């Protein structure tokens, strides 16, 4: 069940336990949780930001709710204030929503960066590794996770009713298996140099190395990209969806105007830690893949 549909239409309403169970079981099983009627409205003063020209240097404007810092956009103070207010509101509403929906995670949900993506996808072209029209799990070379989960909330806020077209691939375990023969260890000492040189924020654990390998090699495997099991789904304007994007194989084909909020979650906070990419990889390679892993007995 690659996509599980939910009826909630409000960012603040509570959920029954039955729905909460459906959500956490589906999320940890690698399904997309889809809320077709959960729209994120914009203020009239914010409608002018539905314009790709606000991006100045990147493809995404980003906000850190922890430090209240806005990046990727230039402009006058009042416009940066309004744009910060938009992404701050998305951070607050998605954070509240996740705490209503996933009480099992308690305070282990750690907010990370917000993004606003106003560039139309179909006009994109880049290196194969960054080509997000290729199925992948998320792994960022500059930002290792140390095994923590990448949990994202997405909202399509296109004002012309245009959907956001995704493809959703096969289960992580199948992906990992398919690509395993292609995986290779890192060159001795290399990850330490990337850390020493500031190329990576923190140290790239073995887990992060292998997720990058999956990410990259998977994107370069053209036969896999063409022939592997995958479903195409259009997320309508005014909808929201929630995904462990380090686990759900995904790709975007077209669309414009997306709000996205990233959260991090430690593996030990999961209901079924054994379903995590970390544990699956540690089982497949029979080794500990993150060095400061808490030790248990």
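Positions refer to the first chain, counted from 1.
(message) Among other entries of this protein with both neighbours modelled, does residue 43 go without coordinates in a third or more of them?
(response) Counting only entries that model residues on both sides, residue 43 is resolved in every one of them.
(request) Would you please confirm whether residue 242 lacks atomic coordinates in a third or more of the other entries that were compared? (result) It is not, since residue 242 is included in all of the other entries that model both flanking stretches.
(message) Comparing average C-alpha B factors as deposited, tell me which of 247-255 and 47-55 sits higher.
(response) It is 47-55 that shows the higher mean C-alpha B-factor.
(request) Averaging the C-alpha B factors as listed in the entry, name the stretch that ends up higher: 10-18 or 279-287. (result) Between 10-18 and 279-287, it is 10-18.
(request) Sort 215, 113, 130, 88 by C-alpha B-factor from the entry and give me just the highest. (result) Of the options given, 130 has the highest CA B-factor in the PDB entry.
(request) Name the one of 198, 144, 72, 169 with the greatest CA B-factor according to the PDB entry. (result) Reading the PDB entry, the winner on C-alpha B-factor is 72.
(message) Sorting by Cα B-factor within the chain, modelled residues only, which third would residue 160 end up in: lowest, middle or highest?
(response) It belongs to the highest third of the chain when residues are ordered by C-alpha B-factor.
(message) Split into thirds by Cα B-factor across the chain's modelled residues, where does residue 149 land: lowest, middle or highest?
(response) Within its chain, residue 149 is a lowest-third residue by C-alpha B-factor, going by the deposited values.
(request) Quick one: classify residue 138 as lowest, middle or highest third of the chain based on its Cα B-factor. (result) Answer is lowest: the recorded C-alpha B-factor places it there.
(request) Report the third (lowest, middle or highest) to which the CA temperature factor of residue 92 belongs, ranking only the modelled residues of the same chain. (result) Middle third - that is where residue 92 ends up once the chain's C-alpha B-factors are sorted.
(message) Split into thirds by Cα B-factor across the chain's modelled residues, where does residue 236 land: lowest, middle or highest?
(response) For residue 236, whose C-alpha B-factor we compare with every modelled residue in the chain, the answer is the lowest third.
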